[PDB]
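Asks: Structure below; questions to follow.
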Amino acid sequence: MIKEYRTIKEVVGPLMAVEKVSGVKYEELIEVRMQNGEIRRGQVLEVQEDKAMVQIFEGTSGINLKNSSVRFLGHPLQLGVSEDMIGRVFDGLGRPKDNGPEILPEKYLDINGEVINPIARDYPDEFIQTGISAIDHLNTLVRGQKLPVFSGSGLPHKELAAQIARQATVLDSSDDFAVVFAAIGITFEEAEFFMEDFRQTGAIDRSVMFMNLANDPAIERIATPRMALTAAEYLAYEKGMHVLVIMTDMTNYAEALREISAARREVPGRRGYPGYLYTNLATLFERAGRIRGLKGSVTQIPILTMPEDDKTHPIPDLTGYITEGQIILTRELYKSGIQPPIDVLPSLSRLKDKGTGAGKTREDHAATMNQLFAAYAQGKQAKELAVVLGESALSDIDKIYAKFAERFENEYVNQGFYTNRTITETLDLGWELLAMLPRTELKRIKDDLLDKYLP
Amino acid sequence: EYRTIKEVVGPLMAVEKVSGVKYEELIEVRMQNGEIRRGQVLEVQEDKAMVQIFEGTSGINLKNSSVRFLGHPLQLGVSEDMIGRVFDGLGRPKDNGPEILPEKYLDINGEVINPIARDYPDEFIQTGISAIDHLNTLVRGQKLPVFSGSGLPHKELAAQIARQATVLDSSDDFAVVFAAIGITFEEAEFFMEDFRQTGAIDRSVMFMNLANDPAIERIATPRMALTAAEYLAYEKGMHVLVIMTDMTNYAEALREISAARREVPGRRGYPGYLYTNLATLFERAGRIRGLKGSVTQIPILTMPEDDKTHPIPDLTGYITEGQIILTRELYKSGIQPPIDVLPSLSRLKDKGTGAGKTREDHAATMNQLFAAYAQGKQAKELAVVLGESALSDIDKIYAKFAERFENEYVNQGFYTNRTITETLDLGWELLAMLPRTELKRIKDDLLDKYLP
Amino acid sequence: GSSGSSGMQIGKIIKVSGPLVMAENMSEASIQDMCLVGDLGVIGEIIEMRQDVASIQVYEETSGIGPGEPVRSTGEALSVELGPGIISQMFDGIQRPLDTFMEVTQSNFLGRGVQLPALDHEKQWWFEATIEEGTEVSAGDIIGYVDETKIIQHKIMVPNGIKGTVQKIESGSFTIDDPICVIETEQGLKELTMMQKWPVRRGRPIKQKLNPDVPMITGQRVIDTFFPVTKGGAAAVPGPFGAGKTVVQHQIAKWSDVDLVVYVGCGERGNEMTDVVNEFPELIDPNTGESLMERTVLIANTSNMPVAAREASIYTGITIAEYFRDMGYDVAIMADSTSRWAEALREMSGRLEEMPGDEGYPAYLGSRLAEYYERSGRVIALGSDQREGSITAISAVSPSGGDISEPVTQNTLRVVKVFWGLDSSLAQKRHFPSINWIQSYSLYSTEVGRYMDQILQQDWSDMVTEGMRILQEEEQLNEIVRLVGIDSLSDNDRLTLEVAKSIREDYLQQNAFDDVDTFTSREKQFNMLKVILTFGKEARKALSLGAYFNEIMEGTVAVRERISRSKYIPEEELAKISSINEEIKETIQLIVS
Ligand SMILES: [Cl-]
């Protein structure tokens, strides 16, 4: 028996109220049957007495209240999963977009998923060689980590994300990555950049894609990354795959959350964003890692543009408190021709210690990383002083650091979006730059490493 | 007439059990003591009307007061007998003059000119001020504001333009409408005495609103003025110049009214509709195809903290067709008026200059004078930072040019009227300082004919 | 019914608060439906519904309207009429013909409650049938055309939602109300006219979008060279007041190689709309003898016209653009200014008592802007033809104080690939167009570079890259000059400044009101930039061969003056530009000796 009511009380933007209902549950999936026969899905946000408040993913344009119905499906929003999803393209609600067959689902999964028991978790420590020195050495990515790219409008975050997915591999293994890609409010041209890259490399045959574009309904964006992550955790923990999840643009997700929060007249937090923004983002990004006794894994690379290039904006700020580091692109490095324009100083990886060193990368990894960071921060400071007060205003040693920071940006960080460096090549190059400095300045590195590696 | 006032909360009042009440309809409150206050319907819902009383709600007893709904919005009773007369912000006589018999009453919001019916601003208005007439020409139908600041002589400049402004080869069809907004008694007295002393009053209509007048009256003031101007222009065929000061007091009043209604404040606390509101005033300027007459506006405003990015000058600049800038640097040098021509601009100046309007050498000398002055000021600043020996012999000439340009050309005095012919001739005198080879913006035909 | 008879549902106004009206007894009406409000019957749109009470956004002034007055729904969404009679017309925000408005009301001023059809439903047009009877058709298919102008064919397409076989069709003289074709559908016989309606808030359907990879020719040197937009691309033009935004957009309208221009005056000056109607008919194409007005549609809702109609004008415009795009045309849509559209949304959001987002703008500002720009682009249109068409969006933004960190500019830059940042300091310096060449960008530059290298068979992308490197180095050098003075720079750095100076005033600076400088061909642009770059190249080598900077400048006065005049060289005398290269090589080599 299908539960349906013809008692719609009000329609206000993305929100609808239904009355005289019974047996309706919080977060239950609904379908609006419009007067013209069109079907639009939604979700119960609240139930009291004989009433239900629902949000409509596809909006309420053209709806006649009297002549429409609301069906209550008796379960929350689900994804019908299958390994047959591989190589398929879906929209923001998980419906086929590629004119291919309908998937015959193996099972149906609540797209909210479940929390991994912390005791069941396996700690991520498997080095992933991205081929990008600024990542591999200084902000190391390991399998099962969530490591986002913080960027801005007009910056090449899509180029970087594509390069990572293209070049990423663990060592001493022929494991590959199944890729789950979620487009969230991005433009056709942004989406098409990824589609073209996936088709050229042939990675599209290893991929599942969920596409919400800038012309697609905005409220749909709240479901899209949950769809993508449900597919990811399915492929990883039920089909034993190593999954790489790329989701852009996460800022568009938070904006959708704010639209709903504003429509509900909820008590606003910072910038009009709801008080639950941190929690909400955490329910997404914590869906990554490894599980003890299971072969698969979920590695996340969320991408967000920082509004006004402001890192203290609620979106990148709260994301930073959740994710395991961040890779930050800057307009300054981009304009100087640095590719990728990664600013290593505000960038971070929280899982680099146990994924590096002897038997993983090389024994000199951590020492050189610290010394390079220290030398770069001091050299960057000296450059900025010399450009304003003159090259003769720096001490003799700071003048050396100023030259180091320049070669560091131009030869180390800047490598090109199609250059894939081995970790050994990266570490050896780091040593060539440290050799510019007096040995007495290399205080983060012990004598045993200096004698062995320093030219 | 209703005796059904239900609520009074601050300046706001709710009247129930009403019928046929419209949005923006004017109301009249007859207090329990016979006192009469006027108001406006801000919102009307079913049997309720939300009204704001101009003079406030202090002293009002609800049950013993009554409300009359007048059946029309705020209006001005217009006549050609308004010339030579002084009114307050709401168009009430302020000069103890005879009774005013209106030909008709007009909604002070006016109507929007059909964009297709609108005629582009055209022809010259001689202000008598060289820096304006030559370099930043005022055109009939143009909106060209003055951006000033506290302590700067914009009130002297306003009164000078008001009495000196004229159209050439066209007699007895020019009028000035002067609107004073939120100004003190003493500055109102300055304007009143000056107009009467010079005889400018005989061709002017004056609307005088004071600092201690109700804020709603302060915002009604420019609409009363513009309604009078449109009537004189489009119905009587006149060229009307509308001068209004201080537009900063207008925006402050608007913000005060906005806050009283607890509306969501926009940038810097000013209403979100500040741009739109200013536009409904400034866009009443212009000409109409097929009609004799024109309305020209000179809004005058003080830039808070001398900040041009402040919402008041900023949004004004997005609406007007140029701006006249007064500066403290030039004011401290004794330049009258202290107009800085470098950031000043008139966008429509082409439509009011040249042969048949001013003279054939207008545009060329303007381009050359502006270019030479900018180079002169640049050389002056170079002498400041690096010394006099940092300038070439030519740079020294341009620096000297910029001095005489400021001291003799821009500086003319607040009671000196220069004809456009005198302004153009004086421009050629300054250009003669420079080598003829340096006058690259002027063709040889004009140089041979005019260069002294 | 009532009193013995019955008619249609009549709503009753129960609240008026500015442009927001609430009406009860509206249960038959749908969200987004157009309605006639009050005794006057002003045009409004239903945006919310609570039980039987509709919230209505009104597109005309509501002064004088109150509760108890009737509301009459039309049963249809906000739509445009799409057919012959649309080109060269000036409409308001809701597609009412303004010249007809004036003639009917016999007034120079805008009245209220005036119902006018958008197009002339009485005018005879010659329909040329081009399709055969018995042909199976679907949405987008051409059944015939009308020569609306001497150049532009108005293609009559099968409307969306219609599918079947052509039963009867013949050429002849009809109005847009006469049935010109009979389609045998599965739902029976349907007859088509030359006019179709379309709801403006819904993008017209296509087959698929394509990459906009062909650069538009605006003839504006700074744009075509350094910050180019492609056909199907989108460009934002944010600037402070008085920076020449209107001259820039007018230049693009008159010179761009598009088939049609849709120009939307959204919340701006009335005089600028008057300037367009006066000037556009006078701009005659030498090749075809047609004016710019004969390929333009004008939509005007000035700053003091109804505020809600600002939003209407935006959607009216893009929908008309999509219509001509569907015919296989390249269309430009100019929105000036999108800031005023956002202000309208903010005003209504306040009336609705919504939770404010960034700067008081509603929380859905970003998605509204994103949805608008995603309607631009190069597409394959519907129809068996699979014809291609494009819409290129050029939008002014007016950020308060010129500060681009505000929500409208920021949300726009999130979805557009081209940013032309106008600069007030340049405008004061008489540097026009006032585009900041350091802050501006085009994410089409690399793709356009490839296209240009291929079509010119020259190293154009390298030249553009070198030209920008010089300008960027100039900005660095200028900071040093500010601190130490120009006399502290080496000869090599002194040269870079002069080359940058030549780029700035011999190339970037362009006079829109000069008969020759107003437009620069692609070929002419190449020659000009080549010459400028050659001087720097030859002078650079002279310095390394022992020549001093002072000597180089003194001995190249004549040739540098010739470079600075090359912008005025006629398009048929481009050999006079290319020959400067040899003169540069000669004089400099002589200086070395
Ligand atoms: Cl402007």
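Note on naming: chains are A, B, ... as they come in the structure tokens, residues start from 1 per chain, ligands start from 1 in the order shown.
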Collect all residues with atoms no farther than 6 Å from ligand 1, counting only C-alpha atoms and all ligand atoms, and output them as a PyMOL selection string.

Replies: (chain B and resi 318) or (chain C and resi 241-242)

Asks: Return as a ChimeraX atom specification the residues belonging to chain B that are within 7 Å of chain C, counting only C-alpha atoms.

Replies: /B:20-25,43-46,111-120,266,276,279-280,283,309,314,317-319,342-343

Asks: In stretch 225-295 of chain A, what's strand (DSSP E) per DSSP? Answer as a ChimeraX atom specification?

Replies: /A:242-248,290-291

Asks: Using only C-alpha atoms, which residues sit within 12 Å of residue B:148 once same-chain residues fewer than 5 positions away are excluded, as a ChimeraX atom specification?

Replies: /B:153-158,245-248,299-308,312-313,323-328,331,337-340,344

Asks: Give as a PyMOL selection string every residue of chain A that touches chain C within 6 Å, counting only C-alpha atoms.

Replies: chain A and resi 9-12+61-64+153+214-215+259+262+272+308

Asks: Which residues are near residue C:93? Cut-off 8 Å, only C-alpha atoms, ignore same chain within fewer than 6 positions. Put them as a PyMOL selection string.

Replies: chain C and resi 299-301+309-314+316
